[PDB]
Amino acid sequence: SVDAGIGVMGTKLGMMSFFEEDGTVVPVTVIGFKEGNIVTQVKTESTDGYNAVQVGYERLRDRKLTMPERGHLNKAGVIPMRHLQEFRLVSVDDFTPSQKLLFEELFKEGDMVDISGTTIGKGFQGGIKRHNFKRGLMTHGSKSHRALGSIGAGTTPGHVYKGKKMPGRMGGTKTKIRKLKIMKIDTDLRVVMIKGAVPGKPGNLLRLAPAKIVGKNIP
Amino acid sequence: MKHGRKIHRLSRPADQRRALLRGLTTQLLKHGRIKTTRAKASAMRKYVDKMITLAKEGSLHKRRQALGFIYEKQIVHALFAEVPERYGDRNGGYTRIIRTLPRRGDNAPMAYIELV
Amino acid sequence: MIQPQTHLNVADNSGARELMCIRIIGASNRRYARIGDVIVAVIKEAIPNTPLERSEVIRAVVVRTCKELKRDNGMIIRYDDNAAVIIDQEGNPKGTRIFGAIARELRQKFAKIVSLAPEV
Amino acid sequence: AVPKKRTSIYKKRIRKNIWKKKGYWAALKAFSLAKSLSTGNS
RNA sequence: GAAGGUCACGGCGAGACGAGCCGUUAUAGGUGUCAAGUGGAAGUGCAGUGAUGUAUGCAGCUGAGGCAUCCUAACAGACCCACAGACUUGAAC
RNA sequence: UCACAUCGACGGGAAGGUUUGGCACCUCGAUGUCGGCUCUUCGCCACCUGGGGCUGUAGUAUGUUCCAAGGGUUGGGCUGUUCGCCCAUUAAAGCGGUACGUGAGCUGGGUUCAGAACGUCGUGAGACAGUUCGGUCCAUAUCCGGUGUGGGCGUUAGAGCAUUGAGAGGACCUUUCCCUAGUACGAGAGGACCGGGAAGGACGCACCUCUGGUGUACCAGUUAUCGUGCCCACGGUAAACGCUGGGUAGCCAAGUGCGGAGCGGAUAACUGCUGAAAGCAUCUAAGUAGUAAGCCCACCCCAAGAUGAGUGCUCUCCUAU
RNA sequence: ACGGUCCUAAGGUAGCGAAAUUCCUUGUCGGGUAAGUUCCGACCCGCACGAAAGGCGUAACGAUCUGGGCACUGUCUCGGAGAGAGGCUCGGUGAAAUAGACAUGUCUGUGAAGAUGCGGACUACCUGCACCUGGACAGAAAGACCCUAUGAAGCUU
RNA sequence: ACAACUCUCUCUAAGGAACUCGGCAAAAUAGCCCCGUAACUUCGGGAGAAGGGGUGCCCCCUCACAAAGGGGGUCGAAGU
RNA sequence: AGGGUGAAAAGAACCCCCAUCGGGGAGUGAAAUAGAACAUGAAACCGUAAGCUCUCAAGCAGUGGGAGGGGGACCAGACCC
């Protein structure tokens, strides 16, 4: 919950092979940005029950928004945007609304960033692919191949246990990949270069916020 | 799981898919308007448009390229002569999909395809 | 990618002609051993009059593999053969000569192997 | 494999009525198209 | 016909169906082009009795990817929904 | 030397319900018998991993036994086999319950049909938990139960956004190496405690830049024959690529990234401080400190159908419309 | 190998032998394999081989049984991708076995000793669709085992 | 339409029986010509034993070897 | 296995929907709430309409108590859902 800095919204833009003057070949994700990461609302212990900052992203023609959202953004005096996401912090002040978040100035390279985002959707999938089950024999006359085998025990339990692993919808869900190196911040292009992989195909939103180690948070 | 895979199957194998698209393309070219299903129509826009595009550069090579397709010599000779006059202006998109009432004996959705 | 029951050529002149792998050593519950790793092998054939007779369980270390090991450079390296060198116990091989070609990754743990190599 | 008892009544009504509601939805959609049929469409 | 919602219409890295999300004057397709794949077309010239080679030519054919452009289809339109919010106490201009 | 480090005779007393029994209480108008595969879960009487007391504990490595069930507990040869022995490993190769878990999930090698044979018993037909070869394993899920996913309604005027966290899950695993230090210890031989670095293993989460598999979409060669009037050049067929050789996107791993962290809390065995009852002693009766992969917060995902229906921001309340 | 003594019609000759015979038993020894309750050769303690219910050998032949090798591979490590036919959705037609009544939760306790229905707790809006089979001592065939009936029927002396 | 799952199929990096009651299933072999062919044997066999080499397309020597035989060229990763 | 329109075929001219089937008016008849699938027409089973009533529930479904609501063209401390 309580995040170790203010995060920043972002967009995935494929993978690059990034070299260095050693000759270490490094795999990297190009992360682009679209109008803003503008602060919208500030929540407090005073009125709202907790400390937090809401941050929009991605500009629109202001017909595609609804009256209520138009009001909520026009109260802050802000460009039309989707994707208001919160960041619950302990720190509260110096986040007054209509203030742009300089991704360039707020990270500073070699940081190890924690990126969330919704993953690739693999539909309704079987026990094997979903829960890393094994399959039965192929020959020696086995009419079982890919299946769950037995489910439960016998008359004693007399029913199927709750959260028994079964075929279901794998993918299309949020997963924080945490601790990831920032390789380069292109001043020119406004494009962050992060080591490794990141959830979803090119297009997805990403909640880009700093390392959340247990010497940083709340004992 | 069909992620970023774009191909109109038409319920068939590759035997018969190309056989369909070919014959439909021929008949459409001949008559100029046909009635078929939505899927059989909507899939057909890659091949009619490809062949009209092929009829722009009327050369020995391109006529054989097209003539492998149509399986009716005398339609493809109608093109090459016809096309560059009555499509010279138009830059792509030579095909309109009007859409009309399900087929009786299977509630199959239905459409018209014809040259624009 | 050498595993239990894999047949492995010998790259030195300790006498053994061909091996067969029967276990990986070091890092337990390992599926298979790639270049650098030590294995256990039975000798399946040898030249007649050498010390190392047939049908003896002995250690080897894998040096040629058909399954591209990778540098940090980005360069990858296949071979056309799966072949190991018959280690003695800790240090050197039994023979005082190694054949073929072998990688730099080997020289950290096996200094004496890349000493005797022809074309590293 | 096999049913233990019959559903008998009331439950079968509940099951059938949703199926008839499928019909209802189709009726709404077909009603909507009749207005589209009247005027324009180019 | 409120706000909004649901349909329809073009779709999707979303999806068994519903659901989700984007689009409805840059959403899909087409066209133009460019990464990329494959490997040097057809036609003609020349060489050889001929199988064949060879030049025109990183060609020709693809192009599920990116980018450009309204050429085509996003037309036509439908359905649902509003009493400023029962009732009791106590602080407050 | 000394019963009580470690064993413990003759004898005595318990629990457990995994073995072999005794009984014949449910089931003969049927509840499928072993072993294997798949997938569980739970118990502790703890194989290893955490933390201890004693030692006939110099150290290393033990023995013994207390706390602890969070995690883990290999790959083969032989046998139908569970069991067992053996080979190569390893931190270790724990033992049990769940109809000796699981056949409307699978298998049919064993065992309970008919054939046939060997030994044997039988005057004979036939027989023998003696042996041998051969011998048909059903099923479209009504309900509960589960994994997913909608719709309705509810939440007190109706909505669009943002979240709070009751609650609930996933994950907290282990290996050698290096420094400490050849230090402490030890005559030598050997060789630490404590803490800090190392590259792995298994395991999970995500991705396709690299390496590739596939890629009946695409490109290339080539057999047979048919069609395009003929040569040239294409097309069809050779199941649901004729056969090969390549392969973008997608999807995949053998490929790439990431993960396991806390000087946070209360404890278990244990070690204590102060301290009587009992002028002394005593970890306890008052009080209090250290102190575990165990327990609770923290990490990560879900989550107000949390009817206890929370909280915030914002929008809307005209009429036949 | 050599003798003594009893019984009997006579006491197994050749050959073969741990075998389709071997209980004890994975006999022991050697070969084959890193490791071999199966396999090959030898031993003989033949429970209980044996001379036409033949004995022992044998080239060939076997959809014969039983061991080992080479080649070969998704059999497996350890899965992955793709094509068809289904499955899924829409329209048309439209069955079945089953069924005391069904307003048909989990835990532990209870009871014809193994409960959706009885006791105490816990959990849980109402209702579809897709998938899965642990339970309803699920369905199927008045158990084919076991035993009973002064039942039936075959076959033997 | 292009979910799981089942079937009928196609391919698969490294390994190559580690599967399993058992190589069950799949794979591999394959036509023709030439060379070559062991133990044993009832002297008929074993035997297609095993194992090797050549095959496409074009052009040539021959008062008679069913694209022969032999010689020379040419294409493909690959010629039944 | 499969009988019962009516006393009498008087078995429905004509009109409307309409290719047929069948249907509604007309006409016949004591009756067509006797129309040929025709006489009396029970139950299961399938609906349509009205009164009340379920979406924090747990239930062999009743029973004793009975909140709130509804009646029957007949004024009840009565009676019924």
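Throughout, a per-chain count from 1 in the order the sequence is written supplies the residue numbers; the entry may number residues differently, and those without coordinates are omitted. The order in which chains are written sets their letters, starting at A; the order in which ligands are written sets their numbers, starting at 1. Here the displayed chains are drawn from a larger assembly, and the quantities reported describe the displayed chains exclusively. Side-chain descriptors were evaluated using all non-hydrogen atoms of the structure, hydrogens and water having been removed beforehand.

cryo-EM is the method the PDB entry lists for this structure, together with a resolution of 3.6 Å.

The name the PDB entry gives chain D is 50S ribosomal protein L32, chloroplastic, with Spinacia oleracea as the organism. As deposited in the PDB, this entry carries the title "Cryo-EM structure of the spinach chloroplast ribosome reveals the location of plastid-specific ribosomal proteins and extensions". In its Subcellular location section, the UniProt entry covering chain D states "Plastid, Chloroplast". UniProt positions are given in the numbering used here, feature names are shortened, and annotations may be inferred rather than shown by experiment. Its UniProt record gives chain D the following Sequence similarities comment, quoted word for word: "Belongs to the bacterial ribosomal protein bL32 family."

For chain B, the name recorded in the PDB entry is 50S ribosomal protein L17, chloroplastic, with Spinacia oleracea as its organism. Heading Function of the UniProt record for chain B holds this comment: "Component of the chloroplast ribosome (chloro-ribosome), a dedicated translation machinery responsible for the synthesis of chloroplast genome-encoded proteins, including proteins of the transcription and translation machinery and components of the photosynthetic apparatus." UniProt, in the comment section headed Subcellular location, describes chain B in these words: "Plastid, Chloroplast".

Asks: Looking at this structure, how should I read the nonpolar core?
Replies: Soluble, globular proteins show a tendency: their nonpolar side chains are buried together. As used here, the term nonpolar core means buried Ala, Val, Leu, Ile, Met, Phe, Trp, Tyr and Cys residues forming a set that is joined through side-chain atoms within 4.5 Å. Each residue's exposure class comes from its accessible area (1.4 Å probe, protein chains only) as a fraction of the maximum for that residue type: buried when under 20%, exposed when over 50%, partly exposed otherwise. Residues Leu28 and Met44 of chain B are the most contacted members of the largest nonpolar core, which totals 27 residues. Helix numbering and strand numbering both begin at the N terminus, where a helix is a DSSP run of H or I of at least 4 residues and a strand a DSSP run of E of at least 2. Secondary structure elements with two or more residues in this core: helix 1 (14-31), helix 3 (45-54), helix 4 (60-70), helix 5 (73-76), helix 6 (78-81) and strand 3 (110-115) of chain B. Excluding residues that lie within four positions of it along the chain, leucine 28 of chain B makes contacts with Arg33, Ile34, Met44, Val48, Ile113, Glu114 and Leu115 of chain B. If you look at the next biggest cluster of nonpolar residues, it comprises 24 residues, including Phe103, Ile182, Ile185 and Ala209 of chain A. Contacts are residue-level and defined by heavy atoms, with any inter-residue pair within 4.5 Å sufficient.

Asks: Explanation requested: the protein's contact with RNA strand I in the structure shown.
Replies: Residues and elements named next belong to chain D. What surrounds RNA strand I is the set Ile9, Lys12 and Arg13. Any residue with a heavy atom lying within 4 Å of a molecule or strand is counted as near it. Among the atoms of RNA strand I lying within 4 Å of the protein, the sugar-phosphate backbone contributes 100%. In the environment of RNA strand I, a phosphate oxygen lies 3.1 Å from a nitrogen or oxygen atom belonging to the side chain of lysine 12. Contacts to RNA strand I include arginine 13, whose side-chain N or O atom sits 3.0 Å from a phosphate oxygen. Within 3.5 Å is the distance limit for a polar contact, defined as a pair of N or O atoms, with the added protein rule that one can donate a hydrogen and the other accept it, and that residues adjacent in sequence qualify only through two side-chain atoms.

Asks: Looking at this structure, how should I read the packing of helix 1 of chain B against helix 4 of chain B?
Replies: Two measures define how a pair of helices packs: the angle their axes make with one another and the distance between the axes. Residues and elements named next belong to chain B. Two elements in contact, helix 1 and helix 4, have axes separated by 8 Å at closest approach and are oriented at 105°. The angle between helix 1 and helix 4 falls in the class roughly perpendicular. Residue-level inspection shows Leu21, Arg22, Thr25, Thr26 and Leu29 of helix 1 in contact with helix 4, the latter providing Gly68, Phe69 and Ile70. Following the grouping adopted for this structure description, the nonpolar residues are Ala, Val, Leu, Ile, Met, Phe, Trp, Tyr, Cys and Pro, the charged ones are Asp, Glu, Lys and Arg, and the polar ones are all others, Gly among them. In terms of residue class, the contact of helix 1 with helix 4 is made up of four nonpolar, three polar and one charged. A fitted line through C-alpha atoms serves as each axis, taken over the contacting stretch for helices, and the angle formed by two N-to-C directions is quoted from 0 to 180°. By the definition adopted for this analysis, an angle is roughly parallel if under 35 degrees, roughly antiparallel if over 145, roughly perpendicular if from 65 to 115, and oblique otherwise.

Asks: Looking at this structure, I do not really get the protein's contact with RNA strand E. What am I missing?
Replies: With respect to spatial proximity, 44 residues lie near RNA strand E, and among them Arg82 and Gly121 of chain A, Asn91 and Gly93 of chain B together with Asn41 of chain D are the closest. A share of 79% of the atoms of RNA strand E within 4 Å of the protein falls on sugar and phosphate groups. The backbone of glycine 4 of chain B places a nitrogen or oxygen atom 3.4 Å from a sugar or linking oxygen of RNA strand E. The side chain of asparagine 41 of chain D places a nitrogen or oxygen atom 2.7 Å from a sugar or linking oxygen of RNA strand E.

Asks: Which parts of the structure should I look at to understand the sheet that holds strand 2 (residues 95-99) of chain B?
Replies: Backbone-to-backbone hydrogen bonds join strands into a sheet, with any given pair of strands oriented parallel or antiparallel. All names here are of chain B. Strands are labelled as partners when DSSP assigns at least two bridges between them. With antiparallel pairing, three strands are arranged side by side in an open sheet as 1-3-2. Two strands in the sheet have a free side with no partner beyond their single neighbour: strand 1 (33-37) and strand 2. Neighbour to neighbour, the strand axes of the sheet diverge by 30° on average, direction disregarded. The sheet contact formed by strand 2 and strand 3 spans five bridges and is antiparallel. Residue pairing across strands places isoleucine 97 opposite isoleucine 113, the latter belonging to strand 3. Sheet strands touched by helix 1: strand 1 and strand 3. Its angle to strand 1, the strand with the most contacts, is close to 145°. With respect to the sheet, helix 3 is in contact with strand 2 and strand 3, its orientation differing from that of strand 2 by roughly 150°.

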